[PDB]
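**Q** Right, I'll just put the structure down here and ask away after.
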Amino acid sequence: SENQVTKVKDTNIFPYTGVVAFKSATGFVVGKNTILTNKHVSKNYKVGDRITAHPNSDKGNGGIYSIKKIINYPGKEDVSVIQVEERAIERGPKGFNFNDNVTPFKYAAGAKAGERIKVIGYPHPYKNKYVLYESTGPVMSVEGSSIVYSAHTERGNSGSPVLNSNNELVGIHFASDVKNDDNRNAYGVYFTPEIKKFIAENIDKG
Ligand code: NA
């Protein structure tokens, strides 16, 4: 089957440099000192909790950062903006500045049923290891703030970016059908104008 799930060997190149890890799920960078995740992920975390930038399976990462603010979208969609303190609590390879160690994504022009997407995140938490995966499959439908795709995802993928074939952002993963078969739908939030505005409003001003 051409819908594949594979481990990402090196996480220090684009697009993996846009992805972050919480203790047990995923997020991704949207702007200066600012990450996007799901509300069902951010509910587990508080001010002072830590996130790790694109950790690899061999103790390497882009630094460890402290949460400074959590802003939950007041609408129904499963979207949460998290701001971090700019200076790392564990230096990244490109220095202490969060923004020097990570890369935000460009929004795609849109998405259509049938196109290939890629969900990038940490599907399963491990004792003292982070294992980044990429999972591919087709878009099934796009309607309003919903994007549905048939790519394998697990619990830890909550908050993962959903990218098109050219690494442009089409959605944020939040849920999946629990069925055992391969013809299983996964669900993301599609970036409608009011969700894009909410995110833009809540990027750290500096
Ligand atoms: Na979590």
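Each chain of the structure tokens is named A, B, ... in the order shown, its residues numbered from 1; ligands are numbered from 1 in display order.
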Enumerate as an NGL selection string all residues of range 170-204 of chain A assigned to strand (DSSP E) by DSSP on the backbone, naming them with the chain letters and numbers the document uses.
**A** :A and (170-176 or 186-190)
**Q** How would the residues just chosen look if you wrote them out with C-alpha atoms as a short mmCIF file (atom, residue, chain, number, x, y, z; two decimals), in the first residue's frame?
**A**
data_model
loop_
_atom_site.label_atom_id
_atom_site.label_comp_id
_atom_site.auth_asym_id
_atom_site.auth_seq_id
_atom_site.Cartn_x
_atom_site.Cartn_y
_atom_site.Cartn_z
CA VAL A 170 -3.45 22.32 5.01
CA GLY A 171 -4.66 21.49 8.52
CA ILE A 172 -3.96 20.51 12.10
CA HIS A 173 -4.70 16.89 13.04
CA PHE A 174 -7.06 16.26 15.97
CA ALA A 175 -8.90 12.88 15.71
CA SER A 176 -9.25 9.56 13.95
CA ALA A 186 -8.57 10.86 10.16
CA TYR A 187 -9.72 14.41 10.91
CA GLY A 188 -8.04 17.74 10.93
CA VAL A 189 -9.07 21.35 11.39
CA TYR A 190 -8.94 23.23 8.04
#
**Q** Please identify all polymer residues within 9 Å of residue 107 in chain A, counting only C-alpha atoms, omitting same-chain residues fewer than 2 positions from it, and present them as a ChimeraX atom specification.
**A** /A:105,109-110,163,168-171,191
**Q** Please give me, as a list in words, the residues lying within 7 Å of ligand 1 when counting only C-alpha atoms and all ligand atoms.
**A** residues 22, 23, 24, 25, 41, 42 and 44 of chain A
**Q** Limited to C-alpha atoms, could you put the picked residues into a file as an mmCIF file, in the first residue's frame?
**A**
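Below is the file result.cif, written as the result:
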data_model
loop_
_atom_site.group_PDB
_atom_site.id
_atom_site.type_symbol
_atom_site.label_atom_id
_atom_site.label_comp_id
_atom_site.auth_asym_id
_atom_site.auth_seq_id
_atom_site.Cartn_x
_atom_site.Cartn_y
_atom_site.Cartn_z
ATOM 1 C CA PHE A 22 4.912 17.813 24.346
ATOM 2 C CA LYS A 23 5.445 15.049 26.970
ATOM 3 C CA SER A 24 2.715 12.927 25.081
ATOM 4 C CA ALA A 25 1.535 14.538 21.684
ATOM 5 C CA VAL A 41 -3.426 18.290 24.254
ATOM 6 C CA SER A 42 -2.940 21.708 25.896
ATOM 7 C CA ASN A 44 -2.689 18.614 30.153
#
**Q** Can you pull out every residue within 7 Å of residue 50 in chain A, counting only C-alpha atoms, but drop anything in the same chain fewer than 3 positions away, and send it as a list in words?
**A**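 Those residues are residues 64, 65, 66 and 67 of chain A.
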**Q** Would you put the residues from that selection into a file with N, CA, C and O atoms, as a PDB file, in the first residue's frame?
**A**
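Generated output (part_2.pdb):
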ATOM      1  N   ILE A  64      14.874  23.044  24.454  1.00  0.00           N
ATOM      2  CA  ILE A  64      13.722  22.851  25.335  1.00  0.00           C
ATOM      3  C   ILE A  64      13.287  24.228  25.776  1.00  0.00           C
ATOM      4  O   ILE A  64      14.143  25.055  26.138  1.00  0.00           O
ATOM      5  N   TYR A  65      11.956  24.486  25.752  1.00  0.00           N
ATOM      6  CA  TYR A  65      11.395  25.795  25.984  1.00  0.00           C
ATOM      7  C   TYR A  65      10.271  25.736  26.982  1.00  0.00           C
ATOM      8  O   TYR A  65       9.591  24.721  27.065  1.00  0.00           O
ATOM      9  N   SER A  66      10.034  26.846  27.676  1.00  0.00           N
ATOM     10  CA  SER A  66       9.025  26.965  28.729  1.00  0.00           C
ATOM     11  C   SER A  66       7.754  27.589  28.232  1.00  0.00           C
ATOM     12  O   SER A  66       7.811  28.654  27.629  1.00  0.00           O
ATOM     13  N   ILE A  67       6.609  26.967  28.528  1.00  0.00           N
ATOM     14  CA  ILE A  67       5.314  27.557  28.166  1.00  0.00           C
ATOM     15  C   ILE A  67       5.078  28.817  28.999  1.00  0.00           C
ATOM     16  O   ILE A  67       5.224  28.804  30.221  1.00  0.00           O
TER      17      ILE A  67
END
**Q** To one decimal in Å, tell me the separation between CA of residue 39 in chain A and CA of residue 18 in chain A.
**A**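 Between CA of residue 39 in chain A and CA of residue 18 in chain A the gap works out to 19.0 Å.
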**Q** Considering only C-alpha atoms, can you say which of A:12, A:26, A:202, A:101 comes closest to residue 51 in chain A?
**A** A:26
**Q** How many Å separate CA of residue 137 in chain A from CA of residue 151 in chain A?
**A** 4.4 Å
**Q** I need the residues in range 98-170 of chain A that are helix (DSSP H, G or I) according to DSSP; give them as a list in words.
**A**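 Across range 98-170 of chain A, those assigned helix (DSSP H, G or I) are residues 98, 99, 100, 101, 155, 156 and 157 of chain A.
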**Q** Could you please take those selected residues and save N, CA, C and O atoms as a CSV table (one decimal), in the first residue's frame?
**A**
chain,number,residue,atom,x,y,z
A,98,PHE,N,14.5,30.5,20.5
A,98,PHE,CA,13.5,29.6,19.9
A,98,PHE,C,13.4,29.7,18.4
A,98,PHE,O,13.5,28.7,17.6
A,99,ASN,N,13.4,31.0,17.9
A,99,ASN,CA,13.1,31.3,16.5
A,99,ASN,C,14.3,31.0,15.6
A,99,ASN,O,14.1,30.9,14.4
A,100,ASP,N,15.5,30.8,16.2
A,100,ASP,CA,16.6,30.4,15.4
A,100,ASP,C,16.7,28.9,15.2
A,100,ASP,O,17.4,28.5,14.4
A,101,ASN,N,15.9,28.1,16.0
A,101,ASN,CA,16.0,26.7,16.0
A,101,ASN,C,14.8,26.0,15.3
A,101,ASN,O,14.9,24.8,15.1
A,155,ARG,N,-2.9,8.4,18.8
A,155,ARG,CA,-3.2,9.4,19.8
A,155,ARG,C,-2.2,10.5,19.9
A,155,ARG,O,-2.6,11.7,19.9
A,156,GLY,N,-0.9,10.2,19.8
A,156,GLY,CA,0.2,11.1,19.9
A,156,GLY,C,0.3,12.1,18.8
A,156,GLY,O,0.9,13.2,18.9
A,157,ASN,N,-0.4,11.8,17.6
A,157,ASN,CA,-0.5,12.7,16.5
A,157,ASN,C,-1.4,13.9,16.8
A,157,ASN,O,-1.4,14.8,15.9
**Q** Which of these, A:129, A:179, A:196, A:184, has the shortest distance to residue 150 in chain A once you count only C-alpha atoms?
**A**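 Closest to residue 150 in chain A, using only C-alpha atoms: A:184.
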**Q** For residue 166 in chain A, which residue out of A:178, A:117, A:140, A:29 is the nearest one, using only C-alpha atoms?
**A** A:117
**Q** Write out as a PyMOL selection string each polymer residue whose atoms come within 12 Å of residue 95 in chain A, counting only C-alpha atoms; drop sequence neighbours fewer than 4 positions from it.
**A** chain A and resi 61-64+86-91+99-102
**Q** Just write the chosen residues, N, CA, C and O atoms, as a compact mmCIF listing (two decimals), in the first residue's frame.
**A**
# COMPACT_ATOMS: atom_id res chain seq x y z
N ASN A 61 17.84 17.54 19.71
CA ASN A 61 16.63 18.36 19.57
C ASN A 61 17.04 19.79 19.22
O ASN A 61 18.24 20.09 19.13
N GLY A 62 16.06 20.64 19.05
CA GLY A 62 16.25 22.05 18.76
C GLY A 62 16.13 22.94 19.98
O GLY A 62 15.91 24.14 19.84
N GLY A 63 16.30 22.35 21.16
CA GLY A 63 16.18 23.04 22.43
C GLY A 63 14.90 22.68 23.17
O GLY A 63 13.97 22.09 22.61
N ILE A 64 14.87 23.04 24.45
CA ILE A 64 13.72 22.85 25.33
C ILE A 64 13.29 24.23 25.78
O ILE A 64 14.14 25.05 26.14
N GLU A 86 11.05 32.96 24.85
CA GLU A 86 11.95 33.00 23.70
C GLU A 86 13.30 32.29 23.94
O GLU A 86 13.83 31.64 23.04
N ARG A 87 13.85 32.44 25.13
CA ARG A 87 15.16 31.87 25.44
C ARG A 87 15.01 30.49 26.04
O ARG A 87 14.31 30.29 27.04
N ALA A 88 15.70 29.53 25.42
CA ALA A 88 15.63 28.13 25.80
C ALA A 88 16.10 27.83 27.20
O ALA A 88 17.09 28.43 27.68
N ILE A 89 15.46 26.87 27.83
CA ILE A 89 15.88 26.38 29.14
C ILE A 89 16.95 25.27 28.94
O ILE A 89 17.65 24.90 29.90
N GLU A 90 17.11 24.77 27.69
CA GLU A 90 18.20 23.90 27.26
C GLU A 90 18.49 24.36 25.86
O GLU A 90 17.63 24.28 24.98
N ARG A 91 19.70 24.88 25.65
CA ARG A 91 20.10 25.48 24.37
C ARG A 91 19.89 24.54 23.20
O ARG A 91 20.18 23.35 23.29
N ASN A 99 13.36 30.98 17.94
CA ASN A 99 13.13 31.32 16.54
C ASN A 99 14.30 30.99 15.64
O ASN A 99 14.11 30.86 14.42
N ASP A 100 15.51 30.84 16.20
CA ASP A 100 16.64 30.43 15.40
C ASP A 100 16.68 28.92 15.22
O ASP A 100 17.42 28.45 14.36
N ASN A 101 15.94 28.15 16.05
CA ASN A 101 16.00 26.70 16.00
C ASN A 101 14.83 26.04 15.28
O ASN A 101 14.86 24.83 15.09
N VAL A 102 13.78 26.79 14.96
CA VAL A 102 12.57 26.26 14.36
C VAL A 102 12.18 27.01 13.12
O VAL A 102 12.69 28.11 12.86
**Q** Interatomic distance between CA of residue 119 in chain A and CA of residue 162 in chain A?
**A**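 That distance, rounded to one decimal, is 4.6 Å.
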**Q** Name all residues at most 6 Å from residue 79 in chain A (count only C-alpha atoms; drop same-chain ones fewer than 2 positions away) and give them as an mmCIF file with C-alpha atoms, in the first residue's frame.
**A**
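New file part_33.cif:
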data_model
loop_
_atom_site.group_PDB
_atom_site.id
_atom_site.type_symbol
_atom_site.label_atom_id
_atom_site.label_comp_id
_atom_site.auth_asym_id
_atom_site.auth_seq_id
_atom_site.Cartn_x
_atom_site.Cartn_y
_atom_site.Cartn_z
ATOM 1 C CA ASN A 38 -5.129 20.805 20.057
ATOM 2 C CA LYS A 39 -7.128 21.916 23.108
ATOM 3 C CA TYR A 73 -9.946 29.001 20.662
ATOM 4 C CA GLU A 77 -12.654 23.536 16.673
#
**Q** Considering only C-alpha atoms, can you say which of A:141, A:165, A:33, A:128 comes closest to residue 206 in chain A?
**A**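 Going through A:141, A:165, A:33, A:128 one by one, the smallest distance to residue 206 in chain A is for A:33.
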**Q** Report as a Markdown table the residues of range 29-128 of chain A within 10 Å of range 3-8 of chain A, each with its shortest atom pair and distance in Å (one decimal), using only C-alpha atoms, ordered by chain and increasing residue number.
**A**
| residue | atom | partner | partner_atom | distance |
| --- | --- | --- | --- | --- |
| A:56 | CA | A:8 | CA | 8.2 |
| A:57 | CA | A:8 | CA | 9.1 |
| A:116 | CA | A:3 | CA | 9.1 |
| A:117 | CA | A:3 | CA | 9.7 |
| A:118 | CA | A:4 | CA | 9.4 |
| A:119 | CA | A:5 | CA | 9.4 |
| A:120 | CA | A:8 | CA | 9.0 |
| A:121 | CA | A:8 | CA | 9.6 |
| A:122 | CA | A:7 | CA | 9.6 |
**Q** Which one is closest to residue 161 in chain A: A:114, A:104, A:93, A:144? Count only C-alpha atoms.
**A**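 Of the candidates, the smallest distance to residue 161 in chain A is held by A:104.
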**Q** Can you work out which one of A:1, A:185, A:167, A:103 has the shortest atom-to-atom distance to residue 17 in chain A, counting only C-alpha atoms?
**A**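 Residue with the minimum atom-to-atom distance to residue 17 in chain A: A:103.
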